[PDB]
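Read the structure below first, then the notes.
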Amino acid sequence: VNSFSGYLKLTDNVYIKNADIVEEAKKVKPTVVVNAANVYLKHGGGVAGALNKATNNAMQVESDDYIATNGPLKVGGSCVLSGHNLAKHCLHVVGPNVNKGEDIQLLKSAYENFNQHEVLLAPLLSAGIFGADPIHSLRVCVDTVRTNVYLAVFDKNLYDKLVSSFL
Ligand SMILES: CCC(CC)NC(=O)c1ccnc2[nH]c(O)nc12
């Protein structure tokens, strides 16, 4: 038993809710919150911008030190950093950004990072401003992640569509 509340169960291991991931993280304090990162860990908008804002920019400060030491992530890759006031840890995962022309097949590789964590609160990778089809992203999630994932979908209209179209 865990503390996530109000989720619809999609599969054995995937759950979904119409929620603001920032508010969900602050209430749940999950072990892992996933950020929809880019390779530079520049948290300017979308989920990243909102998570970073909720940390009072501490996420960005930590991220800039990470990049200065290690260089950029790979598309499809990830790193574990602090969760600040939102979670124990933040798993920064880089899904392909369709608005940059990145290969959508890398979306499966991105979701594979979730398998290194038993339970995660996460957004749909490559959705929103990353330009992928969220229905496709949900399908890849379900077909790739084997650990327990709680998906927060900010847009109620999208949440209902994802549920109604789920196979
Ligand atoms: C998954 C990408 C997209 C789908 C609507 N979400 C956002 O761009 C976003 C922006 C700001 N705050 C948020 N909180 C949350 O859960 N998602 C967001």
Side-chain angles (χ1 to χ4, degrees), residues 1-38 41 43 46-52 54-55 59 73-98 104-167:
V1 176
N2 64 50
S3 158
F4 289 104
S5 175
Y7 285 75
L8 176 66
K9 181 170 179 61
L10 292 177
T11 68
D12 178 62
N13 65 299
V14 178
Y15 294 80
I16 195 165
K17 184 184 181 177
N18 174 214
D20 186 345
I21 192 172
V22 169
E23 279 318 296
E24 185 79 358
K26 280 197 287 195
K27 145 180 135 43
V28 176
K29 287 301 225 83
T31 305
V32 181
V33 66
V34 173
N35 182 33
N38 58 53
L41 302 179
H43 310 302
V47 170
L51 291 170
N52 176 58
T55 76
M59 178 181 283
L73 296 183
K74 299 169 179 181
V75 180
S78 69
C79 67
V80 180
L81 291 173
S82 181
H84 300 278
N85 53 314
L86 302 177
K88 187 174 195 306
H89 302 109
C90 180
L91 181 69
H92 294 272
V93 180
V94 184
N97 189 323
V98 176
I104 194 63
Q105 300 295 137
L106 290 170
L107 186 54
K108 188 171 183 77
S109 301
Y111 275 116
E112 287 171 342
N113 296 286
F114 288 25
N115 290 321
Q116 300 294 317
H117 303 277
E118 286 189 8
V119 182
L120 314 88
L121 172 61
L124 284 170
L125 297 180
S126 296
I129 67 174
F130 281 63
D133 174 19
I135 297 179
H136 175 67
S137 182
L138 179 54
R139 187 77 254 166
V140 179
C141 181
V142 158
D143 292 341
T144 305
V145 181
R146 298 177 300 283
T147 55
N148 293 143
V149 55
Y150 288 83
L151 294 169
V153 177
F154 180 57
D155 188 64
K156 173 57 161 156
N157 188 294
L158 174 59
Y159 169 85
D160 287 347
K161 182 196 191 113
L162 286 168
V163 169
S164 295
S165 60
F166 184 70
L167 225 202

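Heavy-atom basis, side chains included; hydrogens, waters and symmetry copies ignored. One-based numbering along the sequence shown.
Using a 4.5 Å heavy-atom cutoff, the side chains of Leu124 and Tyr111 are in contact. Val34 has its side chain out of reach of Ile21: every pair of non-hydrogen atoms, C-beta onward, lies at least 4.5 Å apart. Side-chain contact between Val22 and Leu51: present, with at least one pair of heavy atoms (C-beta onward) separated by less than 4.5 Å. Side-chain contact check for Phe166 versus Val142: some heavy-atom pair is nearer than 4.5 Å. Between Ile104 and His136, the closest side-chain pair of non-hydrogen atoms falls below 4.5 Å. Taking 4.5 Å as the limit, every side-chain heavy atom of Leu81 sits out of range of all side-chain heavy atoms of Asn35.
Ring pair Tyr15/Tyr150 is parallel by interplanar angle, where below 30° counts as parallel and above 60° as perpendicular.
Rounded to the nearest 0.5 angstrom, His89 NE2 and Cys79 SG are separated by 12.0 Å. Rounded to the nearest 0.5 Å, atoms CG (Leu125) and CZ (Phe130) are 9.0 Å apart. Here NE2 of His43 is found 8.0 Å from OG1 of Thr55. Values are rounded to the nearest 0.5 Å. Between atom SG of residue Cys141 and atom NZ of residue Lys108 there is a gap of 10.0 Å, rounded to the nearest 0.5 Å.
Listed for the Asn113 side chain is a donor-acceptor partner under 3.5 Å among the backbone atoms of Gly76. Between the side chain of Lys26 and the backbone N or O of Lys29 there is no donor-acceptor pair closer than 3.5 Å. The backbone N or O of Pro96 sits less than 3.5 Å from a side-chain atom of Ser126, completing a donor-acceptor pair. For the pair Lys74 (side chain) and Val94 (backbone), a donor-acceptor distance under 3.5 Å is absent.
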Side-chain donor-acceptor pairs under 3.5 Å in residues 151-162, sequence neighbours left out?
{"residue": "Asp155", "atom": "OD2", "partner": "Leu158", "partner atom": "N", "Å": "2.9"}
{"residue": "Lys156", "atom": "NZ", "partner": "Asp160", "partner atom": "OD1", "Å": "2.8"}

For residues 114-122, dump all side-chain donor-acceptor pairs below 3.5 Å to protein atoms at least two apart in sequence or in another chain.
{"residue": "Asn115", "atom": "OD1", "partner": "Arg146", "partner atom": "N", "Å": "2.7"}
{"residue": "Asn115", "atom": "ND2", "partner": "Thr144", "partner atom": "O", "Å": "3.1"}

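Around NZ of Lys27, the count of heavy atoms belonging to other residues, nucleotides or ligands within 6.0 Å exceeds 12.
Looking at every heavy atom in both residues, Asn13 comes nearest to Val145 through ND2-O, 2.8 Å. In terms of heavy-atom proximity, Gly95 sits nearest to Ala110 at CA-CB, 4.0 Å. Nearest approach of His92 to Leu41, heavy atoms of both residues: CB-CD2, 3.8 Å. When all heavy atoms of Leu107 and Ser137 are compared, the closest pair comes out as CD2-CA, 3.9 Å. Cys90 and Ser82 get closest at one heavy-atom pair: CB-O, 3.4 Å. Between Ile129 and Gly46, the shortest heavy-atom contact is CD1-N, 3.7 Å.
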>> With side-chain contact (heavy atoms from CB on, under 4.5 Å) as the criterion, how do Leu167 and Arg139 come out once you've worked through the C-alpha distance, each side chain's angles and the decisive distance to 0.1 Å?
In response: CA-CA 8 Å; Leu167 225 202; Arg139 187 77 254 166; 4.0 Å; yes

> Given the rule in the side-chain contact (heavy atoms from CB on, under 4.5 Å) test, do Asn97 and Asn38 qualify, once you have shown the distances and angles that lead to the verdict?
Replying inline: CA-CA 8 Å; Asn97 189 323; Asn38 58 53; over 6 Å; no

